[PDB]
Participant: 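Take this structure first; my questions come after.
Residue numbering restarts at 1 for every chain, and letters A, B, ... go by the order of the sequence lines. Scope of the values below: all heavy atoms of this structure, side chains included, with no hydrogens, waters or symmetry mates.
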There are 4 protein chains.
Amino acid sequence: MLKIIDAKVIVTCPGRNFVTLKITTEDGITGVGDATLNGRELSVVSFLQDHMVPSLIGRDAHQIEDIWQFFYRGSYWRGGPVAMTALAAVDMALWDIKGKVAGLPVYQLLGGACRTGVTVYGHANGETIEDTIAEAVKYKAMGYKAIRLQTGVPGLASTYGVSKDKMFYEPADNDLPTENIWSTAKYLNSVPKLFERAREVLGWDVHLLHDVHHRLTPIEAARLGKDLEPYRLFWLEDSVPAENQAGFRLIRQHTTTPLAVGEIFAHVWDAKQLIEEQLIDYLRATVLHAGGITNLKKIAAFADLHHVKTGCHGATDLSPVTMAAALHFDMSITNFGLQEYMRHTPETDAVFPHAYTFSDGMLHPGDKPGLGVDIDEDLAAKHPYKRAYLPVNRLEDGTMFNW
Amino acid sequence: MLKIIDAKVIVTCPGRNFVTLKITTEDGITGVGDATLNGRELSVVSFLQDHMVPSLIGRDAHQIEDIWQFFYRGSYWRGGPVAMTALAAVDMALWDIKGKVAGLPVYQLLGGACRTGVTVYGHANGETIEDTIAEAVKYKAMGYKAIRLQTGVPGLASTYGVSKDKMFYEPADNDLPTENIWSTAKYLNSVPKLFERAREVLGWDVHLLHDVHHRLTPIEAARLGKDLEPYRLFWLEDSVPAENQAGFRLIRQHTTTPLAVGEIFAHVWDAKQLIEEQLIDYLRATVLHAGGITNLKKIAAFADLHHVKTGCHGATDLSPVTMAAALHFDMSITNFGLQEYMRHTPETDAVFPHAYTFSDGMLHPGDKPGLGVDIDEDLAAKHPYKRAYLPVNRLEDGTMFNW
Amino acid sequence: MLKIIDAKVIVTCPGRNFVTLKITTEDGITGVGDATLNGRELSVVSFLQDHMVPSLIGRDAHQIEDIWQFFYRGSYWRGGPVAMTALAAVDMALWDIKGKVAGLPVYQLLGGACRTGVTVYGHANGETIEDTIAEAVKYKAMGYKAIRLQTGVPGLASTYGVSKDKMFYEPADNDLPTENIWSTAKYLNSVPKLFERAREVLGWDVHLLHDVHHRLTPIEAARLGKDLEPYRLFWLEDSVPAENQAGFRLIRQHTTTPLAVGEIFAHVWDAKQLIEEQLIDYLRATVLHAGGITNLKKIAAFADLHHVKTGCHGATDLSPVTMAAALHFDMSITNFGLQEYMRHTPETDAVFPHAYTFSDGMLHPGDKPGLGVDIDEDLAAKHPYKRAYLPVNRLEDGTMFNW
Amino acid sequence: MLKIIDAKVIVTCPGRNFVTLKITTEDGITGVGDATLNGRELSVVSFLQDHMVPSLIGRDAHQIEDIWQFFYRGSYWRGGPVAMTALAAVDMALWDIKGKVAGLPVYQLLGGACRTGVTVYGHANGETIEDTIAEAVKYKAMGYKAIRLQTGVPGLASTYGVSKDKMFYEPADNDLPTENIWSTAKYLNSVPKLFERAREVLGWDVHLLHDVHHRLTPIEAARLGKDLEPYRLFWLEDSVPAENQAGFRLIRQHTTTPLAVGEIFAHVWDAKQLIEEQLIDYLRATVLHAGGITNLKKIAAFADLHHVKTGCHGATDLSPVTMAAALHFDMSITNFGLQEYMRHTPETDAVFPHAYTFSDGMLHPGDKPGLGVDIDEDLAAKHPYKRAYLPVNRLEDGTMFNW
Ligand SMILES: O=C(O)[C@@H](O)[C@@H](O)[C@H](O)[C@H](O)CO
Ligand SMILES: O=C(O)[C@@H](O)[C@@H](O)[C@H](O)[C@H](O)CO
Ligand SMILES: [Cl-]
Ligand SMILES: [Cl-]
Ligand SMILES: [Cl-]
Ligand SMILES: [Cl-]
Ligand SMILES: [Mg+2]
Ligand SMILES: [Mg+2]
Ligand SMILES: [Mg+2]
Ligand SMILES: [Mg+2]
């Protein structure tokens, strides 16, 4: 019986915004969870502290599932990114506690080690094809086994994933949304050239990825998928907005390029049709935005029935706390595919001291009891919240579109 | 060009919590929109004032659809109760402003009057059948053409819809969520007697409704539906949790009792399969919780291709701002089914003076420019926020369940 | 790192045959897992000691999921009752060891407590209706919340569930399989009277079950299901052989009597269509015959996406080791339906001392570290293996049929 | 009335393990059946001798079908490789007896001769493409009309089907499973080159096969299928693990390369969806592992309705007894496709003297009464069981995978 005596939502910006729940049990055992929802951070803060937290006090922290259900069902209005991100943080924290009590790293509870480390991909980008490739060469020298390639679009001032940042990508860069302009035709005409060149310079053993980032229609993705088959990509991610899951039928019907989707998914329902109809090969949903370890685990199992692997989203806006948690999950399942790994700042790392390590293209969560992560509150207090928005995207005619 | 110069979020609790958005244009033309999310109110307040509101400043209030898209797509993490309720408030207020600029009630902009008024249902409930029927008799004498009936379950301390309230039902009643105990079997064995007796006393002209409130499995709903066929109910609402929309296939397959669902839906995607497969007869989604007049209008047109009518939710946690917007939408569509009408408190009515009127079993939005509703800010300020939660539900063995 | 130093298979027959696997770790921490396959026991014994066991030596007992996969995939010939029962024993014993290492009951590792106990059903049976009802009355007085009812068929020497046993049923009763004679028509014409009378005497609060035990065609099950609707059965189990899972479509299409199936299933693939098409309401698959806690947990999460609950089989040929593992799993899931509970003999209980307890219609696994169960090897050795077979069934014309 | 007076399970290892049932009738007529289940041999031994055999004694051997049903249904737990391999051996033996009594080879009972002999394929392999091709040239000179091609994968230490053995392949080569490492990307990049070269050297009249051996996902096989179309393969076998039969839809949708699957199948249910949806062109299931002559015959008939032919598995771990039986089946059906033929050792041939012969690319079962095979018990006793396991396979990251 592990009485919860305190729960606190902490907000800090050591290079970018992060929200963190910290839960303290009667005898001083603590657990932390990530609750960062990029571009909408303080909405999760309230949902937690004004609403969910008062129900945590006095409860038995052992009851992870019951607590999961109490909040998911109890809110009445169900699901959604704000609600499911709040719950992920409770869940992460509860598993962290569980691990400490058991005296085991969290993966030891979830099925134990299924591989020697978690293979990641990094983030090569450049304004030109040459730029991008040079970045990919760098990554390949650094021992990355998988690399994502993004490059500027001829005749467009900007496009997703290209900037001055090289080991990562931080698009929430302004106190109002940065405005972008877009042309599907110009992208579709040019981006295949990138992977053609990538194969010429980099060879065939390295895994290459691409994030389309919500900008195509199904018949368009189908075609990009087709143009990309000669270069044997690891996956083509978020090719089309997926609220209409049937949208992926057209793509699957026309290309064999492997498909990923789901960083934004809040619950299993966002991916069910996609999984059950075998329309994707990788699910990108994370413990952070789809309701924590408890839920992602149920989802991965459903996914394994349909040849679907995990390709968990790994952007900078997932704190080290999420990443510790993602690693314990990644380690413990059979159908793991890949883990995205964007480098945080050295200030972020200082605020969220963690046991996980990177070597030979792989992350490993380490073997500390629980998650193997904590939050330095004093250092945290040194960096207050600063408002920052994700960018937005319009068509050439001004049409409001998808960034 | 109608420049937005200010936009403020107002929180008041004249009998229960309500969140309101009030937008002001350069020329002093104002609009209001409801943003209430029962039991998770402050989270919407944050989502709006900390995140959405700053983007409103300086925009042209005329661009309703662009602003709608800007917010829906620009959030990146899409949909969900929080985001869509916040967007509803914006949408309602822009429509209000549109109305005023045009010197017309909103419904005149959306298609014109399609009926002489909007037929409502009221809520009769009680511990015993005779208590519930006694109440139904009152509502009929009051000229209601439709009545929802809820009654206690023999062998259970409490059930949905049953309490000391007669003209409404207000479960957001405690500083921590009230816990309840549920038995499906006891409920299924008893409720049909409710309606048998209802028909004996009230006869066959009055429409009789029932809200199952999330507590059945499809095969159980099938059976309850069948048991209730003899009494010709207008609808059987929320019989099963709808995240799995294919769930309704089994109900539809076994009973001709007409089906309602959707008060908690945040977007078209929560109902798409239900509508396209003709699994339901009434959609209960509202302008408040499904992204406003803009979104609900698209949804209604889609629903009409498949014999689905509107039966919008209208419990008291929808403020009179919602009700005004709901009544304009209701007036303006071919496929109107019915409108729920729970009496707000006198204090609430005073805080949100409105033009809409109730006569002869029907509401009417009235004919003022805009929505015909405002918030009295001085009066509002006399009624501070008071934290209050919806109740939760567990099975006899203690399993977390749905309320 | 928990090196496996020994792993031995133990065969004993304290009232009936049981096969047990006992794994020993370098530091003297041990675990047990049930490996009993009624009527084909020694085949599992061989599969384990001659083939699987040698691979266990020297492995890290922590790696539960890897060992699970090693054995499932490494056998080459996959699935099947033998292989999956043998793997179940391994899985149970590793979970037992995991529990002990962590100083926690297994259920604490799988999600924590979700209910205050695990509601069971007992078995009332008899030659005549009055004999069966007489027995149901006893079980109700004993505080059972659920009761299975089986009764003799007029015009048939014998039928399933009927015999001189009251608190259990043990058909593995002869050195060569007992032969029986079956008539579908006589059964279908009589059994509904069972439940009519059951309801008259026992009333409508108690859950009433029925195991058809494989003897119908879909169109026949459809009809029996319909005939039994008036009596509101908790479930109708194994109504038809399920190798053809589309068979349930016709039943589901014609009746709202809730359906159970699956005690004999060896893997997820035996139930996948049944679950995904919502053809059933309860899955009867067990940790013993479907590859253990590891597998059953994935299966349960899948079943929960489709309104399917667990109604695990629990006849006496599942040893108390199975029951301990079953109770930890049952305690830990949101979608628990019910647990079958057949009383083991006193001698059996003595051979497998256990922590689980029965009170007020509910079992509880208790709170010892691990599964909370052991085999007493000296006592076990006093009860040699005794060959015993399940009975077989033929039609009136002599056709080999299903028992 | 042919009373069975004795049934004996014989175990021997004349180069590799084989299990054999021998059944003796009252007047001295005997029949033999194969019961070898590679890597799990003694599990079938027990299932037979400890469990099934006692029910054979005293029965009428004429009753092949009733006996088939008695054991398949009678076991209660149904199907699975262990159970279905045991039953195959009973069935083979019973048909062998039947043929002797009738004084005819077994094919004469099953429909008689449908072709002049049974066309086979052999097994070319090599570390390099050159190696493999040279082996295929050899086979083509030896008069083989069909040849399977396997070759080493660049940058992998090992891969399926390559070894020092040339007229066959014996992978169960160790007293614990040999461990292998795997890379899908490296295989997919290189194996098409093999068949390109094969066509250049060998020409277009010879039939060429390839066994993928369980290592791809559907979208991957689809692609390999596509890359292989220019070389017009006879089939691409076991491209993906088939427990999810819907997995083959994606492949069929994208390639016209002919598909085979099923050596591991235990029953019709393992192939039904695959057959009924026309997802494969060849079924590889055998009399050995899918329940003997009786069952495979029913299956072939179902297969003929959907353009599916037999491509029976023929590895060394099917004894001459199985091969005699496979030939009588192959001879007697309209929809025969191909028979795999790996050479046994000369010691195996001595222990299982057989009447079947090989010439001009074809096997023929001969025209002796019954199967035309027996087992030399004295020679058999000269070679005791020796434990040997099939290999296993992990990904580069250590993930437990499919061999
Ligand atoms: O149909 C209804 O009126 C009910 O579902 C509502 O009272 C519901 O319980 C509340 O609006 C939830 O806030
Ligand atoms: O539901 C049940 O309890 C029955 O199906 C079992 O008694 C079954 O007959 C035996 O467990 C088979 O071993
Ligand atoms: Cl939300
Ligand atoms: Cl939301
Ligand atoms: Cl098996
Ligand atoms: Cl088996
Ligand atoms: Mg992305
Ligand atoms: Mg309702
Ligand atoms: Mg049963
Ligand atoms: Mg093969």
Participant: Quick check for you: among A/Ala102, A/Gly112, A/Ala61, A/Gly99, which has the greatest number of heavy-atom pairs under 4.5 Å with chain C?
Facilitator: A/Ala102
Participant: Do C/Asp34 and C/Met323 have side chains that approach each other closer than 4.5 Å (heavy atoms only, starting at C-beta)?
Facilitator: no
Participant: Does any backbone or side-chain atom of C/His267 lie under 4.5 Å from a heavy atom of chain A? Answer side chain, backbone, both or neither.
Facilitator: neither
Participant: Quick one: do A/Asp281 and A/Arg252 make a salt bridge, cutoff under 4.0 Å?
Facilitator: yes
Participant: A/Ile67 versus chain C, heavy atoms under 4.5 Å apart: side chain, backbone, both or neither?
Facilitator: neither
Participant: Would you call A/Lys3 and A/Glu26 a salt bridge, taking side-chain N to carboxylate O under 4.0 Å as the test?
Facilitator: yes
Participant: Could you check whether C/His313 and C/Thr286, counting side-chain N and O atoms only, form a donor-acceptor pair closer than 3.5 Å?
Facilitator: no
Participant: Between A/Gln245 and A/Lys272, does any side-chain donor sit less than 3.5 Å from a side-chain acceptor?
Facilitator: no
Participant: Does C/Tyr76 have any side chain to side chain donor-acceptor pair (under 3.5 Å) partners at least two apart in sequence or in another chain, and if so, which?
Facilitator: D/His213, D/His214, D/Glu263
Participant: Is C/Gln69 close to chain A through its backbone or its side chain, or both, or neither, when contacts mean heavy atoms under 4.5 Å?
Facilitator: side chain
Participant: For chain C, which of A/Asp66, A/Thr334, A/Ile64 has the most heavy-atom pairs under 4.5 Å?
Facilitator: A/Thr334
Participant: Determine which residues belonging to residues 294-304 of chain A lie within contact range of chain C, meaning some heavy atom pair is under 4.5 Å apart, and list them by number or answer 'none'.
Facilitator: A/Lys298, A/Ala301, A/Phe302
Participant: Checking C/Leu104 against chain A: side chain, backbone, both or neither under 4.5 Å from a heavy atom?
Facilitator: side chain
Participant: Taking the six-membered ring for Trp, are A/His328 and A/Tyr107 parallel (under 30°), tilted (30 to 60°) or perpendicular (over 60°)?
Facilitator: parallel
Participant: For C/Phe71 and C/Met52, what are the C-alpha separation, side-chain angles and deciding distance, and is it a side-chain contact (heavy atoms from CB on, under 4.5 Å)?
Facilitator: CA-CA 7 Å; C/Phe71 282 125; C/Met52 291 175 65; 3.6 Å; yes
Participant: Heavy-atom pairs under 4.5 Å with chain A - which of C/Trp95, C/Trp68, C/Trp269 has more of them than the others?
Facilitator: C/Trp269
Participant: Can you establish whether the number of heavy atoms outside A/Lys100 located under 6.0 Å from its atom NZ is more than 12?
Facilitator: yes
